[PDB]
Each structure stands twice: as C-alpha cells, then as structure tokens.
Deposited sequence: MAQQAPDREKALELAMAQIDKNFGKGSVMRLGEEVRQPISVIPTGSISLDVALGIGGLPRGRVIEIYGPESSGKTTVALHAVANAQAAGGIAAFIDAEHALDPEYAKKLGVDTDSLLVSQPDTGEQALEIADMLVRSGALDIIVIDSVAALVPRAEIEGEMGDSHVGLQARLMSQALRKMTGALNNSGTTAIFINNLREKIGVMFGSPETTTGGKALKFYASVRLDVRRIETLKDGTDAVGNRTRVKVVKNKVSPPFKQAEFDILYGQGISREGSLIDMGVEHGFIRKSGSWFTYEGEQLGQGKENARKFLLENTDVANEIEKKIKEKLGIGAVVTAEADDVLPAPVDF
C-alpha cells in the first residue's frame, strides 16, 4: 500500500504550503524559480546561492571576522542594485564606510542614502520607516553589534541588565520582514562576528534570515612575495530559496573590489574551459602566463578573451533564460 517517494512528495508539498516554498528540500535539487535577485559581485557566490545572487525582499545576514570581505560584497550588492536603477540606503552605525573605495566598486555615492542613528532602536526604526516606502531596492545595516539599546547607551545601571539588545533585534525584525517582502527590498545585516549569540542580536537574526553568509579570510594573494590582495571564502550556511551549504571563493585585491578576471580564471579551470598545465595557464591554445597573477593580468589587458570565457562559463551555468 505504501510508496515512499509518492508519500514523500506529498509530505514535502504540504510542508511547503504550510510554511513557504523552500521549507524543505533535497540538496542535490536544482531550483528553477529565478526570483528577482541582486548579483553579489562574485560570480561564484552568485552560483553558490543557486539563484544568481541575493534574493529580493529578504533579510540577508553577512557575518565573519573583521577584514574578511563582508562590507565589500555588501557594497558590490549596492552597486549592482543601482545600475538596475534601484535606490539604496546605508544605516551606518560604525562610521567606517569609505565612500571613495565604494565608488571604485561601482557605487553611485551621491545618490546613496546614509543615516547615522543615535541608538539601536533608532537605527532599525529608521531602516523600517525607509523600507516600507517601497522605494528602496536594498538597505545595508553596518554592524549588528553596533545596534546597542538606548538604555545601555544613555548611562543606565547594571540593574535590568536583561538581554535587551537581542530582544531589540527580534521585535524590529519581527515587523521589518513583513515590509521587506511587500517592498521587495533586500536587507543585508553586516554581522562582524569577531574578537551567547553571534554578537547578541544575531541570535534572532539566525532565524529571520532567508540567507546567511559565512564570510572568512583564507589566504593572502602575493603572486611572488608582495602585498596585493586577499582570497575570501564564503559559505552559504543558510538558504531558504535553494539548497544551502554551497561554497564559493574569490579574490579581493587591495583598493579594488572582487576581481572579475580572478574569478574567470577559477570558474574557468574547475570547468575545463581553461587548461592549467601545472603552473602554466592556457586557453583554447593561447598561453595566458605562469602564475595566476600573470593570467589575471593577461585577461585584464586582453578584454576580448575573458569576455568569451565569461560567455562560455555563463552559457554553461546561468544568468540566462527560463
């Protein structure tokens, strides 16, 4: 009488109809809902997400230690959203943002809303007010930790020293998500997890997110033996719109953003478009140079190649039709 796959498809169906598409899913599954998305600025991370980038109208949490490449992504995400003619807001609570570096990643700074809240309540509340005007495509809150409650800010005693900063973050997200879905704004929270919850407030963010990225630093790019950039490693630990747990890597050169050419090489090799004699890179017969850097340089100067490689890697995977 029983047929496990039949009874299982049925189960899953009911499950998703009760809690939302993606509440349960086979990892090897290949999602075909192309969503609305905001390119991460990293082809690999975009593919890692399985949907081409950050989903729209969702709470995204990008965590990791200082200098791991988080902000940069966050910024690239803002740049891509703006080229699509979208409006961006930046709830700054750290006062670190280097707009000069931002423009370099393609961000139109003169049109970027910025706010520098006095208290945690304020910060979130200002983000909420903006979000629910449906004008914004993306909003970035720098530093989950920085959202300290007002009571703590103003001199207030070690009396009523409850876990209020996390309750703060729960109530705020309880109501913002609603707006975020209707508005379609993607909200990236930047949780610098460094130095019981991930920064006190990220405990409630662990559940409200639709996507959580574990940004980490893994190597220092040198080519020979000198300071150039660093290779980041992102892990999609949570993904409610596609099979989670995938991993993507990329290079961020000092003063520049996520290296396109760099990626192209990586993405290329793992897909046999570009062959890597051991320590020499080549493409369709053409020699790119020894050392990932000479090739990087090669592809930067020979804009024609790279562009056809991007084509091939894209053709094979996505950013296409549906």
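- The chain's deposited sequence has unresolved stretches at 1 to 4, 200 to 207, 335 to 349, with no C-alpha coordinates there.
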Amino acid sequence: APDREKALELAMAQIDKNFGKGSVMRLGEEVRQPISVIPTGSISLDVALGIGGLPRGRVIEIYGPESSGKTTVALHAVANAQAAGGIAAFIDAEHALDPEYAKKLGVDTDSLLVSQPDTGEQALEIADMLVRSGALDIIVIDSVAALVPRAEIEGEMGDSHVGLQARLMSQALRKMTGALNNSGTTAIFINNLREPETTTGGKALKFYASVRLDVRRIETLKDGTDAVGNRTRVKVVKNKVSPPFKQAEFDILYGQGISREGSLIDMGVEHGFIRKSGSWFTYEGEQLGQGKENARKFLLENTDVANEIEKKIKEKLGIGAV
From here on, numbers count along this sequence of modelled residues.
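- Taking only CA atoms, the mean B-factor in the PDB entry is higher for 155 to 163 than for the other of 234 to 242 and 155 to 163.
- Judged by mean Cα B factor in the deposited record, 30 to 38 ranks above the other of 263 to 271 and 30 to 38.
- Across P99, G202, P117, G184, the entry's maximum B-factor at the CA atom is seen for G202.
- Per the deposited record, the Cα B-factor of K276 falls in the highest third when ranked against the other modelled residues of its chain.
- The PDB entry assigns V47 a C-alpha temperature factor belonging to the middle third of its chain's modelled residues.
- Per the deposited record, the Cα B-factor of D128 falls in the lowest third when ranked against the other modelled residues of its chain.
- For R216, the recorded CA temperature factor ranks within the lowest third of the chain's modelled residues.
- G255: CA B factor in the highest third of modelled residues in this chain (values from the PDB entry).
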